[PDB]
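One letter stands for each residue in the lines below.
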Amino acid sequence: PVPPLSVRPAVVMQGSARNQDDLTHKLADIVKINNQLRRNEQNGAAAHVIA
Amino acid sequence: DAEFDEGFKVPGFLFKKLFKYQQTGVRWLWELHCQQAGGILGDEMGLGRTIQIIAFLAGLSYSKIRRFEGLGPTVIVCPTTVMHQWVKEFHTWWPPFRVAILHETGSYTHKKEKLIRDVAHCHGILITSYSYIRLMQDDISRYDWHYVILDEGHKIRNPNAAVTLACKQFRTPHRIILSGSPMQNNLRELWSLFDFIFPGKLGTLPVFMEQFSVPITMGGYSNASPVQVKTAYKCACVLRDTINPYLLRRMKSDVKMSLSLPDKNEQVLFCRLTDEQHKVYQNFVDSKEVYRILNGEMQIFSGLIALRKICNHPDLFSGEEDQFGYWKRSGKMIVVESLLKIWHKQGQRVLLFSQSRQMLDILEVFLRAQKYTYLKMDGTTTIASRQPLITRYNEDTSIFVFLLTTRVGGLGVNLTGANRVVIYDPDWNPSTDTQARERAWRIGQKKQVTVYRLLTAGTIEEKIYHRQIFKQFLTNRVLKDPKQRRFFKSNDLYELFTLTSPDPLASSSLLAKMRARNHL
DNA sequence: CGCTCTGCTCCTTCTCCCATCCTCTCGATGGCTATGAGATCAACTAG
DNA sequence: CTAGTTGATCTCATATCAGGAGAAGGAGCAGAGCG
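Residues numbered from 1 in each chain as written, not as in the entry; some residues may be left out. Chains lettered and ligands numbered in written order. Part of a larger assembly, values for the part shown. Heavy atoms only, no water.

This deposited entry lists cryo-EM as its structure determination method and 3 Å as its resolution.

Identification of chain B as DNA excision repair protein ERCC-6 from Homo sapiens is taken from the PDB entry. Anyone opening this PDB entry will find it titled "Pol II-CSB-CRL4CSA-UVSSA-SPT6-PAF (Structure 5)".

If you check the PDB entry, chain A appears there as DNA-directed RNA polymerase II subunit RPB1 from Sus scrofa.

Structure below.
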């Protein structure tokens, strides 16, 4: 379960740079590796790579 | 008539029109039909893969082989350019079949599903495109097709594309691929093609990679240990043996004496980057963006696009008589000017290809700037105007040069009218430029043709050239012969951002064969 | 007479917790993740 | 009606040290039935 935006608000700094929450960065890592694992299982990858 | 094993009689007049190799093909296709297996017609383009299908299906219908009384409803999936070409071909080489086109152009002018039903009931030959296959996997895969020919079937080379899955939803065993190059980048493409034609032969995709792609690839690298070279050699031979029955690949050397093609040439020209071109390239390689890409902070593709553009023309930045797309601003355009000058003086028809589409526009405005009468043909040119454009260019010699994007420019069009071919822009895919250059040197090309590959020395394009060479060697190692020489020129790393301009078997035959393979 | 099934010890992980509230300053970090060709389709635009 | 044009809009392709306390598990082992 990925929480809503209220639990991880993207606070705007003095300028326009929108800083993301720690939860959002972590979910970014999770989605990155999840997509990476999904393609590695779908396409050519070694068993140790998938592991 | 000509007669084969069980009941296959193909009409004699039709047979006599064929060549010896095309006759072999027809026999091969029928043997597959007997096995109920599929195959890849990997004949080199211009040999006429389509003619063989016409003959075989004609013979099958005529023989009335016994669910189906001869030839049932069948679907042809071919690239959008060539649909009417196939219709024309069926119509001439065998009028009796009904060949319905499934397209916006089409000829039906009602709902399409009615047409699908009509063909599936009256047993026609439904031609369609890969898109309409992707978009009506539901409708189309409800009608017990008898044959599922895919022309230029390499488009199914991605096992996960939607079109691939849609094509692999068809149920009949009589699946055929007509693909001049059934392997273009790596064997994953091969597995995909075999999994359409013959779903189990090469195993699952993971297992295929594990067992074949990894070893065969590792044997190509320059630094590979000899042990690994020999594992690659073994695996490559196993693969050829596995795929031998189901791939009929006649190159244009085992038929040349029996077919009499003209001379072919493959010159390469290492173009030199002009001053402004050099400056923009030298700056952008030194730019922070390239440095960040080297650090892996974002996608590499952006950098590669930028570099290719720079080498292709300074269209990163535009600089009277210095308007956008000015020839003198970029060296390759200077070379093209000289070549088209000499060739126009030779009264010769040229065929200029470009991987890009907007660059095809800059080439177009150039050819306006010159007095060269051209005809341009890319993805934006209407499909209905496509085959008539090809026919027009082939019928008269008034049209001198023929701008082409390689993606529609390749893929089954016949362009025998042109004589000289120049590949202006490299690709990461060797097959693209190969089919491009092969548009001319086909059956019916009654005049000599030479191929010029224009390349920028020391820039990205040379490294892309190295990529497509390494790919070509990998394809050769598994299609033409596994004794390929190792690609020693480069280590093929991410240092391609630099500018370095010039200046019964009786169980002893078996065991002997086994010992041979396992000695490697 | 060896096999089991306790159940005691001892260690060893292993986890958790560490007053309230309030004021100020100061330093760091605060990113996109790209491109283009071809095909469909539906909107107009002209004929 | 019919080509032609034009946006979207999709798909596909390209690359490599001054903590402490308590609770849970495991291991070793004495010993007691017991078959």
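What to know about the state of the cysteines
Residues and elements named next belong to chain B. Here the structure, examined in full by the defined rule, presents zero disulfides over all chains. Looking at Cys 167, it has no disulfide partner, and the nearest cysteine sulfur is the one in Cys 78, 11 Å off. This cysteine, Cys 271, is not joined by any disulfide, and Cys 311 carries the nearest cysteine sulfur, 11 Å off. (Disulfide = S-S within 2.5 Å.)

Thoughts on the pairing of strand β11 (residues 420-423) of chain B
Remark: a regular strand shows side chains that alternate across the two faces of the sheet. Residues and elements named next belong to chain B. Residues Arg 420 and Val 422 point to one face of β11 and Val 421 and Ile 423 to the other, with burial holding for every one of them. One ladder, built from four bridges, connects strand β9 (residues 350-354) with β11; its direction is parallel. Counterpart to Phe 353 in the pairing with β11 is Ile 423. Here β11 pairs with strand β12 (residues 449-456) via three bridges, running parallel. If you follow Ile 423 over to β12, its bridge partner there is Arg 453. (Buried < 20%, exposed > 50% of the residue type's maximum accessible area, 1.4 Å probe, protein only. Helix = DSSP H or I, 4+ residues; strand = E, 2+ residues; numbered from the N terminus. Pairing = 2+ DSSP bridges.)

So, a nonpolar patch on the surface
All names here are of chain B. There is a patch of nonpolar side chains on the surface, built from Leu 505, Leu 510, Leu 511 and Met 514 and spanning about 350 Å² of accessible area. For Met 514, the location among the structural elements is in helix α21 (residues 509-519). With relative accessibility at 36%, the residue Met 514 sits in the partly exposed group. (Patch = residues over 30% accessible without salt bridge, like charges linked within 9 Å, V, L, I, M, F, W, Y side chains within 5 Å. Areas by Shrake-Rupley, 256 points an atom, 1.4 Å probe, with all protein chains shown as cover. Salt bridge = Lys/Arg side-chain N within 4 Å of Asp/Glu carboxyl O.)

Observations concerning the pattern of salt bridges
Residue and element names in this part refer to chain B. Here the structure, examined in full by the defined rule, presents 16 salt bridges over all chains. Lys 252 is paired through a salt bridge with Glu 438; the nearest N and O atoms lie 3.8 Å apart. You can call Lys 252 buried: its relative accessible area is 7%. A relative accessible area of 8% places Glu 438 in the buried class. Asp 427 serves as the salt-bridge partner of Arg 407, at 3.7 Å between the closest nitrogen and oxygen. Of the two residues, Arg 407 is situated in helix α18 (residues 406-409) and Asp 427 in the loop between β11 and α19 (430-438); the sequence distance between them amounts to 20 residues. On the basis of relative accessibility, which here comes to 53%, the residue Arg 407 falls in the exposed class. Since its relative accessible area comes to 9%, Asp 427 is described here as buried. In the salt-bridge network here, residues are joined through shared partners; they are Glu 266, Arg 437 and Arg 453.

Regarding the sheet that holds strand β6 (residues 147-151) of chain B
Residue and element names in this part refer to chain B. On the basis of which strands lie adjacent, the open sheet formed by five strands has the order β3-β7-β6-β4-β5 and parallel pairing. Bordering the open sheet on either side are β3 (39-41) and β5 (125-128), each of which pairs with just one other strand. Going from strand to strand, the sheet's axes swing by 20° on average, the running direction of each strand aside. One ladder, built from two bridges, connects β6 with strand β7 (residues 176-178); its direction is parallel. Bridge pairing in β7 places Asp 151 opposite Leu 178. Contacts from helix α2 (residues 20-35) reach β3, β6 and β7, with the element oriented near 170° to β3. Helix-sheet contacts for helix α4 (residues 83-93) involve β4 (74-77), β5, β6 and β7, and the interaxial angle to β5 is about 155°. (Axes fitted to C-alpha atoms, helices over the stretch in contact; angles between N-to-C directions. Contact = heavy atoms within 4.5 Å.)

A short note on the protein's contact with DNA strand C
As a structural note, the neighbourhood of DNA strand C is formed by 27 residues, with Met 13 of chain A together with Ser 129, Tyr 132, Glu 297 and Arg 357 of chain B the closest of them. Counting only the atoms of DNA strand C that lie within 4 Å of the protein, the sugar and phosphate share comes to 66%. Interatomic distance of 3.1 Å between a side-chain N/O atom of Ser 131 of chain B and a sugar or linking oxygen of DNA strand C. At 3.3 Å, a side-chain N or O of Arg 292 of chain B approaches a base nitrogen of DNA strand C. Broken down by element, the surface near DNA strand C gets its largest block of residues, four residues, from helix α14 (residues 300-312) of chain B. When the residues that make up the surface near DNA strand C are grouped by side-chain class, the tally is eight nonpolar, 12 polar and seven charged. (Near = heavy atom within 4 Å. Polar contact = N/O pair within 3.5 Å; in protein donor to acceptor, adjacent residues only side chain to side chain. Nonpolar A, V, L, I, M, F, W, Y, C, P; charged D, E, K, R; others polar.)

Notes on the packing of aromatic side chains
All names here are of chain B. By the definition in use, this model includes 18 aromatic pairs over all chains. Aromatic pair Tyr 221 and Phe 470: ring centres 5.4 Å apart, planes at 25°, arrangement stacked. Within the aromatic cluster, the residues linked to one another by ring pairs are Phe 4, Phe 8, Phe 15, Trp 30, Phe 56 and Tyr 147. Over the face of the ring belonging to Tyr 424 we find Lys 332, whose NZ or CZ atom lies 4.0 Å from the ring centre. The residue whose ring lies beneath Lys 483 is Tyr 233, and the NZ or CZ to ring-centre distance is 4.4 Å. (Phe/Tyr/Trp six-rings, centres within 6.5 Å; stacked < 30°, edge-to-face > 60°. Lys NZ or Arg CZ within 6 Å of the ring centre and 35° of its normal.)

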